[PDB]
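Student: I am attaching a structure below and will ask some questions about it afterwards.
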Amino acid sequence: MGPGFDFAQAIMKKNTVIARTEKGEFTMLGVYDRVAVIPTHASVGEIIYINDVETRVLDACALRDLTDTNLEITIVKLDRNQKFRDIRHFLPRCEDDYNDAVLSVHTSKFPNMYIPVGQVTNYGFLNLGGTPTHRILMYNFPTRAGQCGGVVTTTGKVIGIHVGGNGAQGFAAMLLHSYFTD
């Protein structure tokens, strides 16, 4: 409808795939080459389905900060025959608060979904499903099951992936430029 939705659609149409694990279907953001992100609670194994194609996982790494605290981001390298558009230049370098964000989701269940979630708070610490978690972003939208892995964008920036909510608020793990250096 507007500049926020335009940037969100541009990311979804070229840099997402449908990832299926034993824990369900997730929006999965491709970042560069064969390197993608997904919430750690997807429990990525040796094999993953990508747009319903059986795919070998060449590497998977569940990120923690230097306090040794969960970040809820798993970086995956896929045995895929095609590279993602490189979108690393849209990633923020620092932790920050943001205005006017969109959460975008694409699964079997929720195709072509875009949610104007509004202002994003640098919330920091969250006990997420019983696990202490750092670098959390919060938005006052009642997000629901099926939205995990959804991409959080502003005009110009890809800032996070949806990892959970409490019925009134939704929570995203930050994406930072430094996670994806060469």
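Please note that chains go A, B, ... in the order of the structure tokens, that every chain numbers its residues from 1, and that ligands are numbered from 1 in the order shown.
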If DSSP is run on the backbone, what residues of segment 16-182 of chain A are strand (DSSP E)? A reply as a PyMOL selection string would be ideal.
Tutor: chain A and resi 16-21+24-32+35-39+47-50+53-64+70-78+98-105+113-128+131-139+151-154+157-165+170-174
Student: Output the selection as a tab-separated table (two decimals), in the first residue's frame - C-alpha atoms for each residue.
Tutor:
chain	number	residue	atom	x	y	z
A	16	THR	CA	12.62	-15.87	1.28
A	17	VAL	CA	12.00	-19.63	1.02
A	18	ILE	CA	9.56	-21.95	2.82
A	19	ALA	CA	11.65	-24.04	5.30
A	20	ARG	CA	10.08	-27.25	6.76
A	21	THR	CA	11.66	-29.10	9.74
A	24	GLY	CA	6.83	-27.27	11.17
A	25	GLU	CA	6.95	-24.71	8.29
A	26	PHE	CA	8.86	-21.40	8.84
A	27	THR	CA	9.51	-18.25	6.76
A	28	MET	CA	13.29	-18.47	6.08
A	29	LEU	CA	15.31	-15.33	5.06
A	30	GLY	CA	18.19	-15.90	2.59
A	31	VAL	CA	20.96	-13.38	3.27
A	32	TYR	CA	23.73	-14.04	0.62
A	35	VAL	CA	23.36	-18.69	3.71
A	36	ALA	CA	19.91	-18.29	5.39
A	37	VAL	CA	18.51	-17.65	8.91
A	38	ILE	CA	15.68	-19.36	10.88
A	39	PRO	CA	14.64	-19.32	14.60
A	47	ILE	CA	18.20	-32.53	6.02
A	48	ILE	CA	15.63	-29.66	5.62
A	49	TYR	CA	12.83	-29.12	3.02
A	50	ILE	CA	13.16	-25.82	1.09
A	53	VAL	CA	12.77	-29.84	-2.13
A	54	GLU	CA	14.76	-32.28	0.11
A	55	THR	CA	17.96	-30.23	0.87
A	56	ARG	CA	21.23	-31.23	2.64
A	57	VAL	CA	22.30	-28.78	5.40
A	58	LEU	CA	26.05	-28.09	4.87
A	59	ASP	CA	26.38	-26.18	8.19
A	60	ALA	CA	24.04	-24.85	10.95
A	61	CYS	CA	25.09	-22.62	13.86
A	62	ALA	CA	22.86	-21.55	16.78
A	63	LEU	CA	24.16	-18.05	17.71
A	64	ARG	CA	24.86	-16.94	21.32
A	70	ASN	CA	20.84	-17.53	23.46
A	71	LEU	CA	20.15	-15.13	20.49
A	72	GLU	CA	17.43	-17.52	18.96
A	73	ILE	CA	19.04	-17.14	15.42
A	74	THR	CA	20.37	-20.25	13.59
A	75	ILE	CA	22.55	-19.51	10.53
A	76	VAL	CA	22.14	-22.28	7.94
A	77	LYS	CA	24.19	-23.07	4.83
A	78	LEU	CA	22.09	-24.96	2.22
A	98	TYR	CA	12.79	1.75	15.03
A	99	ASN	CA	9.62	3.46	13.77
A	100	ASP	CA	7.02	2.03	11.40
A	101	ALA	CA	8.04	-1.65	10.87
A	102	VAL	CA	6.32	-4.40	8.76
A	103	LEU	CA	6.41	-8.14	9.70
A	104	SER	CA	6.21	-10.24	6.46
A	105	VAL	CA	5.40	-14.02	6.41
A	113	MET	CA	1.12	-11.84	4.55
A	114	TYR	CA	2.25	-8.30	5.59
A	115	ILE	CA	1.53	-6.84	9.11
A	116	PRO	CA	2.14	-3.15	9.94
A	117	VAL	CA	3.40	-3.76	13.53
A	118	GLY	CA	4.32	-0.05	14.18
A	119	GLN	CA	7.13	1.12	16.59
A	120	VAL	CA	9.88	-1.44	17.51
A	121	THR	CA	11.51	-1.26	20.99
A	122	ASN	CA	15.06	-2.48	21.72
A	123	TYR	CA	13.64	-4.64	24.56
A	124	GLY	CA	16.91	-6.59	25.27
A	125	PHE	CA	16.41	-9.47	27.75
A	126	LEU	CA	13.41	-11.85	27.34
A	127	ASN	CA	12.70	-15.21	28.95
A	128	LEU	CA	11.54	-16.84	25.66
A	131	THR	CA	15.22	-19.71	27.74
A	132	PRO	CA	17.06	-16.47	28.68
A	133	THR	CA	17.42	-14.57	25.33
A	134	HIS	CA	19.28	-11.31	24.42
A	135	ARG	CA	18.93	-8.71	21.60
A	136	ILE	CA	15.09	-8.96	21.48
A	137	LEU	CA	12.97	-6.40	19.55
A	138	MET	CA	9.31	-5.92	20.71
A	139	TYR	CA	6.24	-4.56	18.81
A	151	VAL	CA	10.97	-10.85	8.41
A	152	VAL	CA	10.86	-7.50	10.27
A	153	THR	CA	11.75	-4.53	7.99
A	154	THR	CA	11.67	-0.72	7.97
A	157	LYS	CA	16.54	-1.99	6.67
A	158	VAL	CA	16.06	-5.72	7.46
A	159	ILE	CA	16.18	-5.60	11.29
A	160	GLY	CA	14.99	-8.99	12.66
A	161	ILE	CA	13.13	-12.32	12.46
A	162	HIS	CA	9.96	-13.08	14.45
A	163	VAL	CA	10.64	-15.64	17.25
A	164	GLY	CA	7.51	-15.45	19.55
A	165	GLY	CA	4.84	-13.44	21.42
A	170	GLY	CA	5.46	-9.92	19.33
A	171	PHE	CA	9.24	-10.45	19.71
A	172	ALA	CA	11.98	-10.64	17.05
A	173	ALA	CA	15.69	-11.59	17.26
A	174	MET	CA	17.91	-8.75	15.89
Student: Could you tell me how far atom CA of residue 167 of chain A sits from atom CA of residue 142 of chain A, in Å to one decimal place?
Tutor: 5.0 Å
Student: Grab the atom CA of residue 168 of chain A to atom CA of residue 147 of chain A distance for me, in Å with one decimal place.
Tutor: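 Spanning atom CA of residue 168 of chain A to atom CA of residue 147 of chain A is a straight-line distance of 14.2 Å.
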Student: From segment 3-38 of chain A, collect each residue whose DSSP state is helix (DSSP H, G or I) and return the set as an MDAnalysis selection string.
Tutor: chainID A and resid 3:15
Student: Let me see the file: selected residues, N, CA and C atoms, as a PDB file, in the first residue's frame.
Tutor:
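What landed in part_10.pdb:
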ATOM      1  N   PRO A   3       5.318   2.839   1.121  1.00  0.00           N
ATOM      2  CA  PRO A   3       6.764   2.613   1.024  1.00  0.00           C
ATOM      3  C   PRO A   3       7.258   1.470   1.928  1.00  0.00           C
ATOM      4  N   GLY A   4       6.649   1.304   3.108  1.00  0.00           N
ATOM      5  CA  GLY A   4       7.007   0.229   4.062  1.00  0.00           C
ATOM      6  C   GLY A   4       6.711  -1.124   3.460  1.00  0.00           C
ATOM      7  N   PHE A   5       5.511  -1.283   2.924  1.00  0.00           N
ATOM      8  CA  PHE A   5       5.060  -2.536   2.265  1.00  0.00           C
ATOM      9  C   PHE A   5       5.893  -2.785   1.001  1.00  0.00           C
ATOM     10  N   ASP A   6       6.283  -1.734   0.275  1.00  0.00           N
ATOM     11  CA  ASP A   6       7.087  -1.852  -0.970  1.00  0.00           C
ATOM     12  C   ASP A   6       8.452  -2.483  -0.648  1.00  0.00           C
ATOM     13  N   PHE A   7       9.128  -2.004   0.383  1.00  0.00           N
ATOM     14  CA  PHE A   7      10.463  -2.538   0.781  1.00  0.00           C
ATOM     15  C   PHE A   7      10.321  -4.000   1.245  1.00  0.00           C
ATOM     16  N   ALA A   8       9.334  -4.256   2.109  1.00  0.00           N
ATOM     17  CA  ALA A   8       8.989  -5.597   2.634  1.00  0.00           C
ATOM     18  C   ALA A   8       8.761  -6.554   1.457  1.00  0.00           C
ATOM     19  N   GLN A   9       7.947  -6.156   0.465  1.00  0.00           N
ATOM     20  CA  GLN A   9       7.608  -7.052  -0.676  1.00  0.00           C
ATOM     21  C   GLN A   9       8.869  -7.371  -1.480  1.00  0.00           C
ATOM     22  N   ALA A  10       9.751  -6.399  -1.628  1.00  0.00           N
ATOM     23  CA  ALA A  10      10.999  -6.534  -2.413  1.00  0.00           C
ATOM     24  C   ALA A  10      11.896  -7.607  -1.773  1.00  0.00           C
ATOM     25  N   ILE A  11      11.945  -7.636  -0.445  1.00  0.00           N
ATOM     26  CA  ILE A  11      12.701  -8.678   0.318  1.00  0.00           C
ATOM     27  C   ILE A  11      11.999 -10.028   0.162  1.00  0.00           C
ATOM     28  N   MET A  12      10.682 -10.075   0.364  1.00  0.00           N
ATOM     29  CA  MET A  12       9.965 -11.360   0.371  1.00  0.00           C
ATOM     30  C   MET A  12      10.076 -12.012  -0.996  1.00  0.00           C
ATOM     31  N   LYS A  13       9.937 -11.245  -2.076  1.00  0.00           N
ATOM     32  CA  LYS A  13       9.834 -11.817  -3.437  1.00  0.00           C
ATOM     33  C   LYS A  13      11.168 -12.406  -3.893  1.00  0.00           C
ATOM     34  N   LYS A  14      12.304 -11.992  -3.347  1.00  0.00           N
ATOM     35  CA  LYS A  14      13.608 -12.533  -3.837  1.00  0.00           C
ATOM     36  C   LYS A  14      14.410 -13.251  -2.741  1.00  0.00           C
ATOM     37  N   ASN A  15      14.219 -12.913  -1.461  1.00  0.00           N
ATOM     38  CA  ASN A  15      15.103 -13.402  -0.368  1.00  0.00           C
ATOM     39  C   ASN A  15      14.374 -14.290   0.659  1.00  0.00           C
TER      40      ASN A  15
END
Student: Ranking A:129, A:84, A:93, A:110 by minimum distance to residue 145 of chain A and counting only C-alpha atoms, which one comes first?
Tutor: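 Of A:129, A:84, A:93, A:110, the one nearest residue 145 of chain A, counting only C-alpha atoms, is A:110.
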Student: Ranking A:2, A:166, A:96, A:108 by minimum distance to residue 51 of chain A and counting only C-alpha atoms, which one comes first?
Tutor: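 Of all the options, A:108 lies closest to residue 51 of chain A.
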Student: Using only C-alpha atoms, find the one residue out of A:176, A:87, A:66, A:1 that sits nearest to residue 156 of chain A.
Tutor: A:87
